[PDB]
């Protein structure tokens, strides 16, 4: 099962997206792909900060009415159980000279709690969190 990090779901939306990432996303079974509520918040914030009004309005519509519905029932919250895993992962990394930022920590804890592999371009923090990861920029 996969938990898509913000940098992966955002790649296809770029002017010249990496074809390898797009193809990988196309090989996945939708029902097996999840999003953390944290990633949804970051996606929504990114859209709301666009400098081009026209683009923002259109992308807001597409995000809410076309993209997020693909994940209905699979937007995972950061709740009490995930909070426990978060503290465990971040403290362990810290007491072992590893680096994990809060944001990455939230995603990593969500994935561990649900037994998911994190898809992300930046695998560093997740390796330290001892959570499975996959970088779609690679084969």
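Positions refer to the first chain, counted from 1.
J.: Look over 6 to 14 and 124 to 132 in the entry and identify the one with the greater average Cα temperature factor.
T.: Taking the mean C-alpha B-factor of 6 to 14 and of 124 to 132, the larger value falls to 124 to 132.
J.: On average, are the C-alpha B-factors higher in 32 to 40 or in 61 to 69?
T.: The entry gives the higher C-alpha B-factor average to 61 to 69.
J.: Among 77, 105, 53, 81, single out the one with the highest C-alpha B factor in the record, please.
T.: Each of 77, 105, 53, 81 was compared by C-alpha B-factor; the highest is 53.
J.: Among 87, 101, 48, 111, where is the Cα temperature factor highest, going by the PDB entry?
T.: Among 87, 101, 48, 111, the highest C-alpha B-factor in the entry belongs to 101.
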